[PDB]
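Trainee: Below: the sequence, then the experimentally determined structure.
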Amino acid sequence: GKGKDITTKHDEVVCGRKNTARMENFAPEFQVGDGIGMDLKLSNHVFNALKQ
Amino acid sequence: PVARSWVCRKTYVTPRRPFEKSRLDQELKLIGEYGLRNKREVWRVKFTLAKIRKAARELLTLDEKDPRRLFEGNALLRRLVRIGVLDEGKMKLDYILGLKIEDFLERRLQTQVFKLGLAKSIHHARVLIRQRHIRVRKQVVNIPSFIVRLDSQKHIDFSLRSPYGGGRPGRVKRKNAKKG
Amino acid sequence: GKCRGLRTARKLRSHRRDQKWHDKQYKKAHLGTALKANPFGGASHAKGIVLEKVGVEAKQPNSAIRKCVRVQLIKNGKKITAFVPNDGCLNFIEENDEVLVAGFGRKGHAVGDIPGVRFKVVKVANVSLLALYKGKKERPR
Amino acid sequence: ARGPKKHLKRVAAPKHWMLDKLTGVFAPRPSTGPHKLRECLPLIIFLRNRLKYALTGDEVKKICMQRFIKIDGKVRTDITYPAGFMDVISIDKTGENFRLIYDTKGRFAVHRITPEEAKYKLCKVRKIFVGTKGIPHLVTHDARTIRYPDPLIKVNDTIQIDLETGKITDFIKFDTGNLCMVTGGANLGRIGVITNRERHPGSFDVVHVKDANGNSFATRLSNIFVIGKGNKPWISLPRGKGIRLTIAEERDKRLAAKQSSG
Amino acid sequence: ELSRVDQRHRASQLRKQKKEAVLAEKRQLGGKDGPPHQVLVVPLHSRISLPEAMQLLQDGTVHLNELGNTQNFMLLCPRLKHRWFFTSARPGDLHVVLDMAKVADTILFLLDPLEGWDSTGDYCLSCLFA
Amino acid sequence: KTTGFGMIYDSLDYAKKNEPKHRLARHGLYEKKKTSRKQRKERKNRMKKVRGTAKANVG
RNA sequence: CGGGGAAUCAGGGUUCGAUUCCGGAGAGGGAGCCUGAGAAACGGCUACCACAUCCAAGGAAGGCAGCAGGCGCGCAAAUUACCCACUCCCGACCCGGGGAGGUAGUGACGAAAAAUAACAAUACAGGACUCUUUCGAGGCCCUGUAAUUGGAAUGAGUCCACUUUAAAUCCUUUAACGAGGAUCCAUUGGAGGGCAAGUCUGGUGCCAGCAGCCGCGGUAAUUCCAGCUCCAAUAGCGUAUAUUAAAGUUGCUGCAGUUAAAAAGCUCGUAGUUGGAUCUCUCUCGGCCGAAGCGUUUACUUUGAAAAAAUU
């Protein structure tokens, strides 16, 4: 986009939602839950800790 | 011994945290809104704003009736008014702290071409600025960082030597018109 | 606790310098034996001639053989083990050649897998190993 | 150093010459003469910077050696001659006489004077000795040694002398209520009436001087030059009357000047 | 080592030693006792004619030896106290360049101004580095 | 705009007297000596090495 | 070599300063002199020491820590160029001289600006809005991607002319040619966590290697090596070393000492450091004032004048 409504590559909302959607493809023993029905914005430090 | 001067300054400061998401977020947003080449332009404007705010912080701590505070602050407020950031109503040194980076990025000649209708895109504004098509009063400026003053804001023109201005169409029109 | 009077300056300053001699980094900078035992002699880089090739054994959980070289510096004559950085680059180093050697990056402390080897070869015969590994330049002799 | 230095670097040059930063490495070394290397104005700096008559050092050569410039009524051909305070410069070809007087801010102003005014000058007497069969001598600040003065002339006074005859004409005594000008320190160029002289045997006599606007200041004694008997000065003055305008009111004057002419 | 004179005198000793080594090295060539200094000239690019530079370089006392194809000569100067032996080679002819560049004391490469060097000269220089 | 400096002399003889000679040689009024500094200095030291009227012979 | 000062830095501070300005010192090492106002001078002399040049072997001559250049040392640093036109200096001097200095050359030390593409129509792909049960259909909706189409505008270059200049070069100004991306093509590091961006594909298989640290490799390698995609900075970007902030891990501001590193075995004791409460202007000489003592002496605070320019 342009102007003042520019949603960038590093947007916190989009990146958090992508982090939760990436969390959905973990191993089966990992317990995720229903973070899609409610809106999660999961940050990179939190997700990186979980992914590790 | 030489007849030269080695005085020179670095006009930007790199951020201390190299990859944090919110900083990259904000810088990329400003790059998008105001059409800039790299992050060093945003860092440059932020460093100039930090200079102005540091001066204001040194000036607030003095007593109100200090002659140095009075003279330096009134000169600084005059300077920021002439740029086109502050307002004649809020000419107080307290309000200088309430300044934002885009209030300086709105004053670039790129954005002043964009807003006033001389061009139609901000990348279009930059490409007109580089190619000697926009003048201020009577001087063709080629720099897209020219901070346009308030009295100088009023008349920005087509740079009469330009094909959009007075005449003399460029090489492409000249070549295509002599095809047959 | 501390001596905290108003005429207590020389006691405080003597205490500062005396205790500052117990600082490890300060003492390493200023005893001056850490710059006289230093093989590089306070230099960012040294230059040497290859004496022999060496295979240094890896440390316990890591199982490999790391390709090092015993070189001899020109400027004082000391013997130094240097680590050839990339895969398949030891063949570029030939016996008795000029090598430009650097530190490895921990300022005198042995780095990573290689034990007691704290230097790495940057250039061979005044051509960088990065160019030879990337196949950009050719090594003369 | 094994002998007297002969070059002067530009950045080591007296700041009041307002020399540039970028034209060269060197500055005109003022020759030895009647004035200190710091409290003076070489003829080249006055001729090619203040007046813009000459554009190079070589054009000052071409001017001074034609014999147009006169300092104190005598033709001086030296290009770096040390011209100093209260100094009369006469150019007969343009028919114009300037005086070197200190400016309000501490620099030398170019103060154009009447050719009637160019006949005399003022010299602060610096010492008085009696030598060689009881003959009294004055040494002034221009090193003008004068024999047989008025016996009332004492040290730190001023004598108005005639340039052509070289003799004294009349003297102003150092007394409270006399208009003086400051020739050194931070107070340089400020002109006011002497109110108090305080004594310190051993050290320097500090003097309190009230300005024309009531802003009192003080100096050491050696930095004082007496001009006016009472309140009326014995010479003409620059465009400013010697009162130091502070910064804010100077900006006020500047903005009023911009508002006046647009 | 202490005693600033002692450190300085040890450094001066080491300086003397390395200078004696260098001086002992450099008299082995181009002098009264030394053999002549052989300089081999290769014009890398095809545009260069080696006779032009070869006659600019030949002037000193000359002694023009001759062969079937190549032309090498002897130079002697008491001005520089130097004995030269210049021998010319052609790139591409790897026989002559290879078998007499392994005895030459210094190689002088000629380069055209416009380009770097010829592809044949590129082959020759690759072999000579190798 | 183009900004230059220009000066207007009264008569030609005064212009010959006062102008820098490089600004006269642009109008052909003056001709510069065509020796190089390095040549004029080697010659100076050469004739320094000689004493008497034989200083004139060397070149 | 000291200082002016440099980098960092909330406040305090820490580190540096060979280096263009000031002051000092020395011309290979020591020493002694001549002349002169000024020298223990070295682009002056005399000796010894250490090097070292030409010999006809009797003798003669040295001093680049001046400018260029070489060797050598090294991780580490430019032209044996041009000119006194500028800046100033020297002389007998409106004239002569100046490797002081200026000017070009080498120069990714570092610093400032700033190109490598802009717009429109189509062609798809998504996103919302409306109509449709949905599938689907539209918009004078949005957002992307297109070796798609259209035109215009330009500079890098090659080249004239002018200007610049001591003569040039450069920058600036004009004619001429000069641009469709499949090039007039942007790199350098990275994609396990710290730390932004892939559990993508193939190869090697605890090998080779990667990795500052934690660690990976033993077959689905998220880490090696390629490709593709992507990230970071961007005409710049990696590494090594020194030093600074982070380090309240040197602690004056402002650390700690039962158990984590640490209180002397104990007491006396000198220098040091520290130390209870207590106390509210005048007499003579001169024109109401100027001279003279002040008041036990200091610390403290405030004012004043002196404190190089450059740097800040």
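Mentor: Done, it's in. Numbering: from 1, shown residues only, chains lettered A, B, ... in the order given.
Trainee: In chain C, what residue lies closest to chain F?
Mentor: residue C:126 (36.7 Å; C-beta to the nearest C-beta). Just so you know, the C-beta spots here come from the backbone N, C-alpha and C atoms, and that holds for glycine as well.
Trainee: and that residue, what is it in contact with?
Mentor: C:98, C:100 (C-beta atoms under 8 Å, 6 or more residues apart in numbering or on different chains).
Trainee: For chain A, see how far away it is.
Mentor: Per C-beta to the nearest C-beta, to the nearest Å, residue C:126 is found 43 Å from chain A.
Trainee: ends of stretch C:102-109, how far apart?
Mentor: 13 Å (C-alpha to C-alpha, to the nearest Å).
Trainee: And the contacts of it?
Mentor: C:34, C:38, C:40, C:44-45, C:83, C:110-111, C:117-122.
Trainee: Which positions in that stretch come out as buried?
Mentor: Residues of stretch C:102-109 classed as buried: C:102-104 (neighbour count, 16 or more other C-beta atoms under 10 Å in any protein chain shown).
Trainee: With secondary structure added, can I get these in a markdown table?
Mentor: Listed next are the buried residues of stretch C:102-109 as a markdown table, based on DSSP: H, G, I helix; E, B strand; the rest coil:
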| residue | secondary structure |
| --- | --- |
| C:102 | strand |
| C:103 | strand |
| C:104 | coil |
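Trainee: re the thing from before, list only buried entries from the contacts of stretch C:102-109.
Mentor: C:40, C:83, C:111, C:117-122.
Trainee: same for chain D: which of the contacts of stretch C:102-109 are within range?
Mentor: Among the contacts of stretch C:102-109, no residue sits close to chain D (C-beta under 8 Å from any C-beta of the partner chain).
Trainee: Among the residues you listed, which one sits closest to residue E:60?
Mentor: residue C:45 (43.2 Å; C-beta to C-beta).
Trainee: I figured the closest one hits residue C:120, correct?
Mentor: No. Using C-beta atoms under 8 Å, residue C:45 is not in contact with residue C:120, being 10.6 Å away.
Trainee: Would you mind listing the residues touching both of these two?
Mentor: Overlap of the contact sets of residue C:45 and residue C:120 (by C-beta under 8 Å, 6+ apart) consists of C:101-102.
Trainee: Compute the distance between the residue of the stretch 101-250 of chain D found nearest chain E and residue D:184, please.
Mentor: Here the stretch 101-250 of chain D gets closest to chain E at one residue, residue D:203, 46.4 Å apart by C-beta to the nearest C-beta. Counting by C-beta to C-beta, to the nearest Å, the gap from residue D:203 to residue D:184 is 16 Å.
Trainee: With residue E:16 instead?
Mentor: For residue E:16, the distance to residue D:184 - C-beta to C-beta - is 60 Å.
Trainee: quick one on the thing from earlier: out of the buried ones among the contacts of stretch C:102-109, who's nearest RNA strand G?
Mentor: Distances from RNA strand G to the buried ones among the contacts of stretch C:102-109, taken as C-beta to the nearest atom of the strand, are shortest for residue C:111 (4.4 Å).
Trainee: So the closest one lies in a strand, does it not?
Mentor: No. Per three-state DSSP, residue C:111 lies outside any strand segment and is coil.
Trainee: Can you report how many residues lie near residue D:115?
Mentor: Other residues within reach of residue D:115, judged by other C-beta atoms under 10 Å in any protein chain shown, total 10.
Trainee: I figured it hits residue D:94, correct?
Mentor: No. Residue D:115 is beyond contact range of residue D:94, at 11.7 Å (criterion: C-beta under 8 Å).
Trainee: Now residue F:39: which helix or strand?
Mentor: helix F:37-48 (DSSP states H and E).
Trainee: Go through chain D and flag its longest strand.
Mentor: If you go by DSSP state E, chain D has its longest strand at strand D:120-131.
Trainee: Contacts for that strand, please.
Mentor: By C-beta under 8 Å, 6+ apart, strand D:120-131 touches D:72, D:86-88, D:136-142, D:144, D:149, D:153-163, D:169, D:225-227, D:234-235.
Trainee: could I get the host helix or strand of residue B:49 in PDB with only the CA atoms?
Mentor: For residue B:49, the host element (DSSP H and E) is helix B:39-60. Only the C-alpha atoms of helix B:39-60 are listed here, as PDB (Å, rounded to 0.1, in the frame of the first residue of the first chain):
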ATOM      1  CA  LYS B  39      17.000   3.500   6.500                       C
ATOM      2  CA  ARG B  40      19.900   6.000   6.800                       C
ATOM      3  CA  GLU B  41      17.500   8.800   5.700                       C
ATOM      4  CA  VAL B  42      15.100   7.900   8.600                       C
ATOM      5  CA  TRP B  43      18.100   7.700  10.900                       C
ATOM      6  CA  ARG B  44      19.300  11.100   9.700                       C
ATOM      7  CA  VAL B  45      16.000  12.800  10.400                       C
ATOM      8  CA  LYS B  46      15.700  11.100  13.800                       C
ATOM      9  CA  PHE B  47      19.200  12.300  14.700                       C
ATOM     10  CA  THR B  48      18.400  15.900  13.700                       C
ATOM     11  CA  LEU B  49      15.300  15.700  15.800                       C
ATOM     12  CA  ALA B  50      17.400  14.300  18.700                       C
ATOM     13  CA  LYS B  51      19.700  17.300  18.300                       C
ATOM     14  CA  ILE B  52      16.800  19.800  18.500                       C
ATOM     15  CA  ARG B  53      15.300  18.000  21.500                       C
ATOM     16  CA  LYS B  54      18.700  17.800  23.300                       C
ATOM     17  CA  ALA B  55      19.100  21.500  22.900                       C
ATOM     18  CA  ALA B  56      15.600  22.100  24.200                       C
ATOM     19  CA  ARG B  57      16.300  19.800  27.200                       C
ATOM     20  CA  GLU B  58      19.400  21.800  28.000                       C
ATOM     21  CA  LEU B  59      17.400  25.000  27.700                       C
ATOM     22  CA  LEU B  60      14.400  24.000  30.000                       C
END
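Trainee: Tell me what angle the helix or strand following that helix forms with helix B:39-60.
Mentor: Next along the chain after helix B:39-60, taking DSSP H and E as the criterion, comes helix B:67-83. If you take axes from the mean of the first three to the mean of the last three C-alpha atoms, to 10 degrees, helix B:67-83 sits at 140 degrees to helix B:39-60.
Trainee: Are helix B:67-83 and RNA strand G in contact anywhere?
Mentor: No. Helix B:67-83 lies apart from RNA strand G when judged by C-beta under 7 Å from any atom of the strand; the minimum separation is 12.0 Å.
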